[PDB]
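Below are the structure tokens for one structure; questions will follow.
All Cβ positions, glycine included, derive from the backbone under ideal geometry; neighbour counts span all protein chains shown. Each value in this text was obtained by applying a stated rule to the coordinates, not by laboratory testing.
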Amino acid sequence: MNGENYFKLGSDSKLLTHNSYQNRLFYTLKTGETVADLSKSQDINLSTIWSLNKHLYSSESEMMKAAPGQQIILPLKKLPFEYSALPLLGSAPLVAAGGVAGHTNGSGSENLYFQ
């Protein structure tokens, strides 16, 4: 009679509610610490952080000038399978351009992408 012999899809020891917390972590900004400091500790690229929170803040400038009392969301996503059953097109509706992207860096420096 070995428990290992039989595998259970659900485990009492594991709580589903807690699992949801792992999906997204909320961190609060306190006086003395800067957004960049957070980025260093997490070993995450500032560009990535912006892409996620772009909906919360209008632009990167607002992030740089962040002050105490504001919140930052860190939502991590996992992709075990390279192929996705539900592919979404139009990730960036704000910009007409689509498909191939990233050929050039420092877009912010130029007001116009074309020039």
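Output the residue which, of all residues in region 3-56 that are of a type in the set (D, E, K, R) and surrounded by fewer than 10 Cβ atoms within 10 Å (Cβ to Cβ), is farthest from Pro93 (Cα to Cα).
Here the answer is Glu4.
While we're looking at this one, here's another question. Taking region 82-115, which residues are part of a loop (DSSP other than H, G, I, E, B) and either in contact (Cβ under 8 Å) with a residue 24 or more places away in the chain or of a type in the set (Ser, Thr, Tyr) (or both)?
Listed by number, the residues that qualify are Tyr83, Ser84, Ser91, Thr104, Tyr113.
Looking at region 68-103 only, could you name the residues that are surrounded by 10 or more Cβ atoms within 10 Å (Cβ to Cβ) and within 20 Å of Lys40 (Cα to Cα)?
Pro68, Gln70, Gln71, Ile72, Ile73, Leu74, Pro75, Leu76
Being in a loop (DSSP other than H, G, I, E, B), free of Cβ contacts under 8 Å to residues at least 40 places away in the same chain and at negative phi is true for just one of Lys40, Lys30. Which residue is that?
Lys30
Within the bounds of region 57-67, is there any residue that is without any contact (Cβ under 8 Å) to a residue 24 or more places away in the chain, of a type in the set (A, V, I, L, M) and surrounded by fewer than 12 Cβ atoms within 10 Å (Cβ to Cβ)?
no
Taking the condition of being among the β-branched types (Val, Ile, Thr) and touching a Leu at 6+ places or on another chain (Cβ under 9 Å), how many residues in region 57-115 meet it?
2
To continue, here is another question. For region 49-95, name all the residues that are hydroxyl-bearing (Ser, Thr, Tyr) and over 23 Å from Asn19 (Cβ atoms).
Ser51, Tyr57, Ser58, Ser59, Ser61, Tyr83, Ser91
How about region 57-68: which of its residues are out of contact with any helix residue (DSSP H, G or I) (no Cβ under 8 Å at 6 or more places or on another chain) and either within 23 Å of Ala92 (Cα to Cα) or of a type in the set (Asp, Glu) (or both)?
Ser58, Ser59, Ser61, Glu62
Still on this structure, I have one more. So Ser11 fits all but one of (1) more than 16 Å from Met63 (Cα to Cα); (2) part of a helix (DSSP H, G or I); (3) small (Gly, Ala, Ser); what number is the exception?
Answer for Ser11: the failing condition is (2).
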